[PDB]
Amino acid sequence: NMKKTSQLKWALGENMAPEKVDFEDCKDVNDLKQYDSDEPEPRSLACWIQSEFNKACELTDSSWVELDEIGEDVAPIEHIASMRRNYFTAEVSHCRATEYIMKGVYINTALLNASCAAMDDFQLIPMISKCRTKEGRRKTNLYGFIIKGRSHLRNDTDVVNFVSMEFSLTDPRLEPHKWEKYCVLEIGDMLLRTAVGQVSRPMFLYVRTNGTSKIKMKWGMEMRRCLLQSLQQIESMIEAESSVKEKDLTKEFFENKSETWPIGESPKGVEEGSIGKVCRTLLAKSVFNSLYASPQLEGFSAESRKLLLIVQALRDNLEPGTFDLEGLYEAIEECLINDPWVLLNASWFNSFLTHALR
Amino acid sequence: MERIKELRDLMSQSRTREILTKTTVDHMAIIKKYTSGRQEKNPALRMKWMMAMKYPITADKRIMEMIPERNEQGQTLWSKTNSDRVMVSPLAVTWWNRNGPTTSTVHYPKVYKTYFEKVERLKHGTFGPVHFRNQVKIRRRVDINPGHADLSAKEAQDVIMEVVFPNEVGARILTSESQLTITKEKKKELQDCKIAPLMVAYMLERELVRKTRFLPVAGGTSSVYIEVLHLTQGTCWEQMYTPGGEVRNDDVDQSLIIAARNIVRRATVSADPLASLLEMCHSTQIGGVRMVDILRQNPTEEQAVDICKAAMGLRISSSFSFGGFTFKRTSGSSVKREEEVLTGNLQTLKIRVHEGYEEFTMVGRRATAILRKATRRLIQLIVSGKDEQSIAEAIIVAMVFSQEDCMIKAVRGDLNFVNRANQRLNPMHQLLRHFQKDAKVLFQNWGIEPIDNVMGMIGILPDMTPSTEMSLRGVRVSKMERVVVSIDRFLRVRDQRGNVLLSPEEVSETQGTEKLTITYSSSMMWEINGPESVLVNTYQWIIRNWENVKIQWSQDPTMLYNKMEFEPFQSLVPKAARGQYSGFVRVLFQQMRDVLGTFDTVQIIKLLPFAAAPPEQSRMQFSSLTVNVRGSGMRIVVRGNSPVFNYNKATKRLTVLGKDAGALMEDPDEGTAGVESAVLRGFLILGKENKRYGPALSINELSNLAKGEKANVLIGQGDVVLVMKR
Amino acid sequence: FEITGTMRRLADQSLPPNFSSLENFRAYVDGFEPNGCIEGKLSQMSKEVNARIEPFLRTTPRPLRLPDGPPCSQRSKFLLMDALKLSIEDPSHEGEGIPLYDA
Amino acid sequence: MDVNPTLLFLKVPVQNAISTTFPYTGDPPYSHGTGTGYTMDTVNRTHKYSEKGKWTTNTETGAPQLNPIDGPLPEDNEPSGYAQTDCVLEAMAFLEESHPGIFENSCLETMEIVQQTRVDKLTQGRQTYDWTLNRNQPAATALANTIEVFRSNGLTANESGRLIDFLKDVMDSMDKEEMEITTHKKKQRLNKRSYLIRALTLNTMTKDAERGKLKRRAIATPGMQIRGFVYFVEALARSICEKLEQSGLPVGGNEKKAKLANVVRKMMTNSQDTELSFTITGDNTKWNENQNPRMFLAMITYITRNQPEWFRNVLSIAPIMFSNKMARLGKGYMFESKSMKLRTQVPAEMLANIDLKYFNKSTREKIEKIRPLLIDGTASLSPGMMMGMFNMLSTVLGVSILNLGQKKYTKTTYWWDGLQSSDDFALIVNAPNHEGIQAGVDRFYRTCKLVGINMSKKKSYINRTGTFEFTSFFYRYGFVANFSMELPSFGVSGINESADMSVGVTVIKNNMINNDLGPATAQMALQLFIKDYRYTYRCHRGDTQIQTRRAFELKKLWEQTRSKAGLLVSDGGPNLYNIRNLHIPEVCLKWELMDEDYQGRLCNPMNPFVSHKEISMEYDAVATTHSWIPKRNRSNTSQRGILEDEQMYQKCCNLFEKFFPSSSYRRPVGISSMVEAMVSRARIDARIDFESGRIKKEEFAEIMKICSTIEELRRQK
RNA sequence: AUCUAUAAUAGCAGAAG
RNA sequence: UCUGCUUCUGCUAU
RNA sequence: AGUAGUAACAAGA
Ligand SMILES: *O[C@H]1[C@@H](O)[C@H](n2cnc3c(N)ncnc32)O[C@@H]1COP(=O)(O)OP(=O)(O)OP(=O)(O)OC[C@H]1O[C@@H](n2c[n+](C)c3c(=O)[nH]c(N)nc32)[C@H](O)[C@@H]1O
Ligand SMILES: Nc1ccn([C@@H]2O[C@H](COP(=O)(O)CP(=O)(O)OP(=O)(O)O)[C@@H](O)[C@H]2O)c(=O)n1
Ligand SMILES: [Mg+2]
Ligand SMILES: [Mg+2]
């Protein structure tokens, strides 16, 4: 437990809730007003979220998930499934999005357990992760620290405040608009080998006040379902081709890489990746849905599904017609306010329209 | 004794007395559900939020004397809470599991016998190979729990109530002999039972009560195959598997009938139906057991099963089943035609009507009868049942069998002729089920006639009373063998005398679903599959082999049309259409090889199966061709896409019945000029409408034009185009 | 089952505008037979009430309009691509598993 | 390269990857404050869509009521509540003409239902408005409070136990001079108008955890006086919907998919070859706000023609009560002063006599627009259905409009049919050319306008027949699998260790069966569930190093056990599950592999973590020790007076079960009181026992004497 | 062959509208 | 002063 | 401050 100092009381927002009084004792206050219920302030799409997503799709060196054992394979379909699952686990355990999954699960679990066990304490929670290096030995990683505030959470939307201090090597003065909520300190210097020569690089501490609720923490501990969301789609595509070929095509998709899927765009145009790259992209998309969950994302997904289906009917040569296309566009754009994930998804939709109409 | 003193104690007080007196038994359930607090919500979050605590479990205070407060590490296993409840840690559960008093008498195997039956079925199961294939799963109602074979769900619940709670059954009485037998055996088996009656009732519900669900199924629909549905059937793969226990003979009979009907239907199309049929029955398994081995030891009465038995030199029954009665035709013949009728509840529906005079011996277990009938007419019915309820059963069955318009108009009430999922039900079965609950109106509207009192017999009246004067219009009461056969190349089953006993035309056209999985081993594992699978796999074979098929379609088309691969398709084409369709398609193909520049790979692939029949000449122009899928005629449109065959020009992937069939490569000689030579018989489509040539006429209006003459035709899905007569 | 008293008056006020009692409305409904009511109401209704189908062509859809303002900020509960970790090559120390030791 | 997942749709059709477009891995949006804003906005929208209607004042409640029926035909394409009664009656008449006998058979089955249904049915509800407390309460608690107040006011027909007798009690309660509420003991007296307003009130709350919506909305819950009538009306409408081929209700799941596929298939079969076929994926806008209760009354009156009059009355009461309904405004608002750093709650009941200076622009406008309707903290809401209260009757209305599409009614070359699930609909239009398709679509749209149904133009689209969406079921020449929608069902459920194992494995298996969950992904889902289970329940494999409070006992049990493969996962055993054995429970899967002493401990008949029933001799327990009961914390208000009532209720019910063994297996029936039934049972049991020979003279005499003592105590308190 | 149903215990959880 | 209605599905037995 | 987004949390008794 961290001592409740002045700086900890300020950063954790202690005594920041107004005193609850009766209306007959405060009806004659000059500035008594209804709670601020403004529309969220609009923001523009910045290029850092596309870089975040590009990095979340990358292949890593460490293995970020150690999956349990299952019973022995007796049926031939269980052997086929085990082979396909070995390919899937190879693709998914070495993805940066899997590290994000494990990080978020650990952090949300630690925060929920601290909020339950110590309601009146400022608990010090280290951000710990476990991985397995390329050589195969276990490795423990510290990302920083979290101090949880008071967590007398009556409802399931009640906010517990916390302070997060996270190590980084990224200069905060290169994209300052990204770091609006943070106070970034310089805490050290770091010696890094890159090819043959090491340099002394400043090591920063990104500090910020953040908040969460029991619902957000519950949905953060259950983030490993993102793996299923991607893998079920990947295997369905595999199976979709297997039925036409009348043979298991897992090896032909993963090893030969003769089959590709449009998964990105470059100055040259549309880029096609192998089934493993598609798996990592869908995993990263599910993980970013989990990390950037918002009502804007829900509205945008539900409303843009209809435009996707209309474009599909157009590509299917099914003569699609609309009634209030402008109304659908208005409903889609009502959801694009400030959330970077939703703005990135809308930019993705515009790119998809460009490529799909021509 | 204890309870009455307890009740007196509660009535001695004031508030409990007011509760016991001012609360009826009906309101006791309301006050029992009565809860106080903030209810509960999202218990998963609660569980994650309490397992980190010290004592998340509540137990009875008796646990003080069973679990110590501390283990050998000083960790507390229970803590008193300021009542009879006590907060407890999971460490207490593990301490009981490792140090608690053990015993040799556990009730788990008996209370949960059905789960151990699942275990035994899996332990002794047999795994075959996995085959990757185009899978067609159909959503239907299947058994999740088989229950007792004799009892129904209502009867099983009645048995359970009588066994567990004898003095609480109310007005209810067990009527069936199977009900009484099972009640006796369960009451004998459950004396001195140390299990609470609730859990005994639920064990009996697991043992006896039948339960069904709608599931997407491929393969067998029996409960032994539904319990492992996740393991055997996938999106693109079938895992050959056979459960470990003993098969029910009913399921074997049903699956044998299904397989025999499919095999006979596919064999009728072959140029040598006998050899084809024998090959199929030699290459077929039913629930892991070889079909020929089943046919040599199964006493199933069915037309196609008897044809299968005759083709392999076995004795047949030459009999069938209807309404629980075994029918054996003694003399006469018949054909089958489709007839639309209006019922008594104003429901129009088509019935398979049998034309021709015939006579039958109708044998039940509690009844027996001689029937003589004509085309929708009950000429004579001499019943010889034991009891008057059995007599009434046999009379109802015979009136439904006769297909009389009186019977069809006697329908009253909310009799549905469709499934809840809007699937076609068998009309005859529906009429039988409707009249077996109450056939009063049928008996009134049947008719009466005076009796001459011959042979000493007596006639029965609509009130189920014996009368010497009058009776029903043809009904008379009375007081009361496998033959060696031949079979020819075309599956006609003659007797020792030489008169036809069976024919493929007598085989029922209903496409059913097997109870036990049917396994076929040949070049085409789909040859005796259902219609959707047959269509998908036919088109998938055509486009998978499109190189050699395309090279052969030009060099020797007759060799291509004669391939066996199109014969499972041809069994789905209506018979009377086949030749005509074939002729049409072939003429199209010929006028496609004559016009250079007109080459459409999709058109050839679409029409290629329909050219597998002996072509009959005709002057008809078809805008579509019919295939029979599950009792309905699906139409493949000659031009453009359809809902049974649609080619996506964008993805280049053909889709048949919603199942992907594969992609079509880029043919260099594809015709981009816009001209079509394989849509109309004797007409080249040159493009869109030209108003110079007059208004658009009909497809069937084009037979009076002359060669060297253009016109505008409304041929297609509302598309007017410009054609010209060659 | 009788509708009397307060319920009768509520029924008398739960009707279409041109009915005063539930009994009169029931009598009207019992005597009702369809005679061109829908066709007449359709002939009366203005032609501006319609569902005109706009064709959706390749040149029909426009790109979505993203909002304007300052650029968006990071809102994750932790760093994602800028995260740096201090790692131990093998947690082979005493009292392993507790997070404070490892930290 | 910039990664764009949406570009995957350039090769994979949107349907075959629809699961990608459902972001159901993140938390759903919740509401944080009050729902008064959404309630007021709903009321104002409902009165805006019907503003050209006729205003009246209710002689019984004093509330201003708006009647848009037979109002001016709409002039634009905005949502309109001006349904014409003659068009609704024509739709009903033609539905009966196209399906002869549907309404007669439905009314027969519903007469049986109405005569047999018990009042206990009402306890099958969730949070219910309770007029006795003017608050939300569990349905059984609200019903018990209502019955107690009715009894203390001399209304006791519900003693018959039939729902219709409780409805008669409600009918008679709406005619009393004053209602007596007896709290805990403060004796309140409502008058006729106040009780009447409380009886026609639907409490309003905000809908939480809702996907696909940017903005929140309000839901309503009615009181006990409304729910029985609504249940009878919905039973009649369900009987009707079951006989219609276009109804997407009450079929659900695989049966619903099969019905939709078969019906669309038959529709495509009926359409001739030369015809143009199109399909509209269609939503209706402001469905519940434009469904008028007066049109529901007209529909019920036409459906129940030539029926007994009591049946028509009991079916007519729900539309009448909904035509005169009041919507409770909710919790009110919260006001903050920054300078004084204080916050206060302003109840909704003082939103009519409050100063508008406190509120922002839009809330001030809402209050100004809604103030004429405010009575006793509720708003008069005559138009509208108040959020899915008559799902099946509105389904019937939509299906009638669909049925009006046959060629015998369009009398043109175009025709239409389709599928209707409340508000959602799939419309197949057939016509010889595109102009005919446009004419059929216009005619369907205008006919819907005539009956108060407004097709959402921005949410609906049309394409050649073959692909559509209906109730989140995507049809691309056949329905496709959508696994994301079932994603929130994966995980630890929080019941207990045994039940959580069963639920996890069963969910994986059923998703393999129904949602195209592949075998490799099924194995990985099994691994992930076992990980989450071991984390939640602190039951990691015995031979591990994870440090927890339970780990020492688990290590002891592990080292103690010869056959480790028999230990349950909750006991630190290995995971033996695979695709083969998902359908087999865990205790049965490894019963053969268990050590005898561990097996006899886990399944010990005197298990102390489960409840034991008396026969102090008790029945043997069957469940394992992993079936323990989680402590439910229910401890800060004044509603602590019911804890003792509920305790005594439980005592009485356990005594009754001691007298009636099957009372907890099946619901008991009876008009007799508890003491009378128990005494008569004790007497007849003692008689047949002394006769058959289990008790002697003296015990029989003692039992009869205790029975006589109890009977004189019940007659003489 | 039928089988929400020739049917009705209850509670909780997920989905849909 | 706060998870409604309806439908389906799954699990469990105070 | 922060969470958050049409109204709340930033403890309450
Ligand atoms: O489950 C199906 C089937 O497998 C099962 N079944 C069939 N046979 C048996 C036996 N022998 N044992 C156990 N189970 C059996 O019952 C179901 C029947 O299949 P289904 O496809 O649903 O109906 P089917 O097409 O068989 O027609 P159905 O109405 O049942 O009639 C059966 C039989 O009766 C002949 N038949 C009827 N009528 C009115 C006839 C007539 O007037 N004249 C003549 N000559 N025959 C008549 C039918 O044509 C069939 O032969
Ligand atoms: N939880 C729910 C969701 C839906 N419903 C019922 O379904 C209808 C359509 O909801 P809907 O959600 O489709 C209406 P939406 O599309 O959001 O907006 P719009 O009306 O402007 O078109 C509602 O009006 C209710 O009758 C319910 O009773 N409970
Ligand atoms: Mg819709
Ligand atoms: Mg909608």
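Chain identifiers are assigned alphabetically (A, B, ...) following the order of the sequence lines, protein sequences preceding nucleic acid strands; residue numbering begins at 1 within each chain.
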With sequence neighbours excluded, what pairs up with [X] under the side chain to side chain contact (heavy atoms under 4.5 Å, CB included) test?
| X | value |
| --- | --- |
| D:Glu210 | D:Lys207, D:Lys213, D:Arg217 |
| D:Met205 | D:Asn136, D:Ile219, D:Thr221 |
| B:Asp143 | B:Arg210, B:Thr212, B:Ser223 |

Looking at [Y] and [X], is any side-chain nitrogen of the basic one under 4.0 Å from a carboxylate oxygen of the acidic one?
| X | Y | value |
| --- | --- | --- |
| A:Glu298 | D:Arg211 | yes |
| D:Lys215 | A:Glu334 | yes |
| D:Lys341 | A:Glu19 | no |
| D:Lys243 | B:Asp414 | yes |
| D:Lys338 | D:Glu336 | yes |
| A:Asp120 | A:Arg150 | no |
| A:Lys216 | D:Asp27 | yes |
| B:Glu40 | B:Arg46 | yes |

Should the side chain of [X] and the base of [N] be counted as holding a donor-acceptor pair, with the cut-off at 3.5 Å?
| X | N | answer |
| --- | --- | --- |
| B:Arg210 | E:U2 | yes |
| B:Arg38 | F:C2 | no |
| D:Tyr30 | F:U3 | yes |
| D:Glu242 | E:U4 | yes |
| B:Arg433 | E:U2 | no |

Handout entry: Complementary nucleotide of G:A8, counting Watson-Crick and G-U pairs under 3.5 Å
Key =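 The base-pairing partner of G:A8, which may sit in any strand shown, is G:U3.
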
Please classify the nucleic acid contact of [X] as base, sugar-phosphate, or nothing, using heavy-atom distances under 4.0 Å.
| X | result |
| --- | --- |
| B:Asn419 | sugar-phosphate |
| A:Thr209 | base |
| D:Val507 | nothing |
| D:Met387 | base |
| D:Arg227 | sugar-phosphate |
| D:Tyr38 | sugar-phosphate |

With respect to the side chain of [X], which nucleotide from [options] is positioned closest?
| X | options | result |
| --- | --- | --- |
| A:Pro40 | E:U9, E:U4, G:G5 | G:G5 |
| D:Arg667 | F:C2, G:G2, E:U9 | E:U9 |
| A:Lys181 | F:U1, G:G5, G:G2 | G:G2 |
| D:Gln127 | E:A7, F:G4, E:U6 | F:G4 |
| A:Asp38 | F:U1, G:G5, F:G4 | G:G5 |

Handout entry: Stepwise side chain to side chain donor-acceptor pair (under 3.5 Å) test for D:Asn254 and D:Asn514
Key = CA-CA 8 Å; D:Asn254 282 309; D:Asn514 294 272; 2.5 Å; yes

Any side-chain N or O of [X] under 4.0 Å from OP1/OP2 of [N]?
| X | N | value |
| --- | --- | --- |
| D:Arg238 | F:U7 | yes |
| B:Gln254 | E:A1 | yes |
| D:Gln124 | E:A10 | yes |

What is the distance, rounded to the nearest whole Å, between atom [atom1] of [X] and atom [atom2] of [N]?
| X | N | atom1 | atom2 | value |
| --- | --- | --- | --- | --- |
| B:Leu198 | E:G11 | CG | P | 15 Å |
| B:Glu155 | E:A7 | CD | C1' | 13 Å |
| B:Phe435 | E:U2 | CZ | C1' | 17 Å |
| B:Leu415 | E:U2 | CG | P | 14 Å |
| A:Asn155 | F:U3 | CG | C1' | 12 Å |
| D:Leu419 | F:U7 | CG | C1' | 16 Å |
| D:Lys361 | G:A7 | NZ | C1' | 19 Å |

Please measure how far the [atom1] atom in [N] lies from the corresponding atom in [M], and state the result in whole Å.
| N | M | atom1 | result |
| --- | --- | --- | --- |
| E:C12 | E:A7 | P | 29 Å |
| F:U1 | E:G11 | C1' | 27 Å |
| G:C9 | G:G5 | P | 14 Å |

Exercise for the section: Measure from NZ or CZ of B:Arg139 to the centre of the six-membered ring of B:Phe214, then state whether that distance is under 6.0 Å and the direction lies within 45° of the axis. Expected result: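 Geometry flag: not set, cation outside 6.0 Å or 45°.
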
Pull out every protein N or O sitting under 3.5 Å from an N or O of nucleotides 8-10 of chain G, one pair per line with the distance.
from, atom 1, to, atom 2, distance (Å)
G:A8, OP1, D:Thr34, N, 3.3
G:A8, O2', D:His32, O, 3.4
G:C9, OP1, D:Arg343, NH1, 3.4
G:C9, OP2, A:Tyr35, OH, 2.9
G:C9, OP2, D:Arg343, NH1, 3.3
G:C9, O2', A:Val159, N, 3.0
G:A10, OP2, D:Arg343, NH1, 2.9
G:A10, OP2, D:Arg343, NH2, 2.9
G:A10, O3', A:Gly13, O, 3.1
G:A10, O2', A:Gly13, O, 2.6
G:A10, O2', A:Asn161, ND2, 3.1

Exercise for the section: Verify side chain to side chain donor-acceptor pair (under 3.5 Å) between D:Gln127 and B:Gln39, making sure each step is shown before the conclusion. Expected result: CA-CA 9 Å; D:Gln127 286 297 284; B:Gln39 188 173 355; 2.9 Å; yes

Handout entry: Contact pattern, 5' to 3', of nucleotides 12-17 of chain E - B, S or - by protein heavy atom under 4.0 Å
Key = SSSSSB

Exercise for the section: Hey, which sits more toward the 5' end of RNA chain E by its nearest nucleotide, D:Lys121 or B:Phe214? Expected result: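 Per heavy-atom nearest nucleotide, the more 5' residue is B:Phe214.
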
Handout entry: Bracket string, RNA chain E, 5' to 3' - pairs by Watson-Crick or G-U geometry under 3.5 Å, | interstrand
Key = ........|||||||||

